[PDB]
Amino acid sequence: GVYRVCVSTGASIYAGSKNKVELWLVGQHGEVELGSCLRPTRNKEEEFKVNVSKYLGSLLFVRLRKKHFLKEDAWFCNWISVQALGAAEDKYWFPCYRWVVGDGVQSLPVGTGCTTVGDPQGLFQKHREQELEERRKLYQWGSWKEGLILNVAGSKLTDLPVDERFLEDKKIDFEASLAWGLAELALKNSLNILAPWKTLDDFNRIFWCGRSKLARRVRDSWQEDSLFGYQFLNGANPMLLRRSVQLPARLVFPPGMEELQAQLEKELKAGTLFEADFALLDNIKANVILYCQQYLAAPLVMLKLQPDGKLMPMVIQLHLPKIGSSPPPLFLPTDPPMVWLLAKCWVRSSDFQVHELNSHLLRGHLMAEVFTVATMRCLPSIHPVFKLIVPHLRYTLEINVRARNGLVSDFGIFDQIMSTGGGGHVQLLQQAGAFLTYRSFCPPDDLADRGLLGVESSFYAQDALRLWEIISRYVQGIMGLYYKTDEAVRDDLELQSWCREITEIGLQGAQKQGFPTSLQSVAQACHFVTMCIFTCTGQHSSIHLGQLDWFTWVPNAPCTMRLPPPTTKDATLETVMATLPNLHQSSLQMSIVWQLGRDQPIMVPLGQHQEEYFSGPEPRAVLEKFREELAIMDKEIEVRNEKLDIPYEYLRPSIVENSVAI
């Protein structure tokens, strides 16, 4: 048989190897020796024809060995393909996409994919058991802080497996751009070092972060209650807002407040009353920067949806009611300018804290990390489900360790400017585990329980729904090719351990929240994987992407507050200024909002990954349909935003990354 064996080397910097690599072809019936054929050239696809007398049959594996003489050289193998030039057979695909190190003999299965149940021959059975044992030695759980959901084991990036590390081409650009980014900002902001700081207009002096079309709008009108409430719907953090069924029990009224109660009852029966509650911030210890006391608040904001499709704030309560003590003052738009302005600033500051911590870090980065480690420890390379998820898990462990090394680590970024940093952030993050429910990660159920379905004013809910349907079908499409009966899913030990690693191990008992302990059906499994895929794409991008727009104008998103939240209604121009961050803190904030949210040097759009793990044409068809539905969504949304005054685009397949990486 005449075969053209083709081996593809990585496009990295250290991908090429000076060592000679020997291959072997082992099929359904027998195996053949090929020996040293070529030497891995960096970013070079190399093919060659060979002829073997021994009958192989269906090629199952392609074993390789990298022999080194005196100095070993790492080799990042993309894949190996061996096709029969004579017989009418399909090209045998053998995906690798990882680093190859050591004088150990590696084995690459064919890219078809299958499970233990779907492999009755037991051809790949022994292969996957030995691989997973090694996977577990490489991927272990760790604990950055006690009480939180597990993360990857280790402390530094060096503790991460080489395959999870940044490619040398991205690592240099990721760090360079970040360095030049914050320095440029630090330079210009140092000029204001002696500039007056007594009017809110002075905030415009430091403003020079990104200055986008939307970001300018914010500067133009942040004091507008219309934009204020608009952010609860389509802002950077649309997770807290929900439709009110009844008045919040913490919404207690001070003696005299009876007229306002009727305005609240009017909106409730109409079904236009909404509430965003920040009680999670209660009793969280605030930061201490330079021995100066910072302050937090647990506000409540009541809003009404206007017939012209506008959400407007009605009342803001800054403290939670103290049992046994008189009720705290409620602030209304009727209050003096400065008094209402201060209360909105406290709400924006608190939204920032919860956004970055819960919405972003926890619900986005850490959750994904949980999925990542559970995938690598329970699902073998050949597993069909494993091949579906991996692109979405790209560069996740790396960016997370980078965060726990200076972004949220002790004496890190939060501690330096964030009011929650310095202890309270962990307190807020640890206690936020209870709010992590299975339904909250699924749009069809999230907006359902909250009550944002059908709300035309909420573009997030719409886009979240549409996107979820597309993904859902893609997973259903892939899972359908490998799971035809519910018993298949039910008896998939690997699949069952994966789901176990997540709900029970990773998430520390998430069954009490809503996460399943076992996937017994096919439709249930499809919903779980979609939930995973969505968390590493949509859930993160819908929260990450708005940072450059809303958190750049400090007055709209204060990183900290120098004065405690007002207990009386007598705020003045100076007090608002004193409460808000000074030039020292605000400027640092802007330079840091660029870190937690920005455009990545090289970015991979949702569903647009290059690594090919499947070999069949059927899996590909499903992949192509997925890319098709996404493309048409990205265009339609683009057209829709034309008519929109403030275009919502945080869920567009073109800018929505395929994995959590920034």
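Numbers follow the displayed sequence, beginning with 1.
> Pick between 432-440 and 208-216: the one whose mean CA B-factor in the entry is higher.
It is 208-216.
> So which stretch wins on mean C-alpha B-factor, 169-177 or 415-423?
Comparing 169-177 with 415-423, the higher average CA B-factor belongs to 169-177.
> Of the choices 86, 235, 391, 565, which one's C-alpha carries the largest B-factor in the record?
Highest C-alpha B-factor among the listed residues goes to 86.
> Sorting 538, 248, 514, 299 by Cα temperature factor from the record, which one lands on top?
Top of the list by C-alpha B-factor: 514.
> In terms of the CA temperature factor given in the entry, to which third of its chain does residue 343 belong: lowest, middle or highest?
Tercile = lowest for this residue's CA B-factor.
> With respect to C-alpha B-factor, does residue 76 fall in the lowest, middle or highest third of the chain as deposited?
As the PDB entry reports it, the C-alpha B-factor of residue 76 lands in the highest third of its chain.
> Using the B-factor values recorded in the entry, state whether the Cα atom of residue 320 falls in the lowest, middle or highest third among the modelled residues of its chain.
It falls in the bottom third of the chain.
> Residue 607: which third of its chain by C-alpha temperature factor?
Answer is lowest: the recorded C-alpha B-factor places it there.
> When the modelled residues of the chain are sorted by Cα temperature factor, does residue 305 land in the lowest, middle or highest third?
Its C-alpha B-factor, which the entry lists for residue 305, ranks in the lowest third among residues of this chain.
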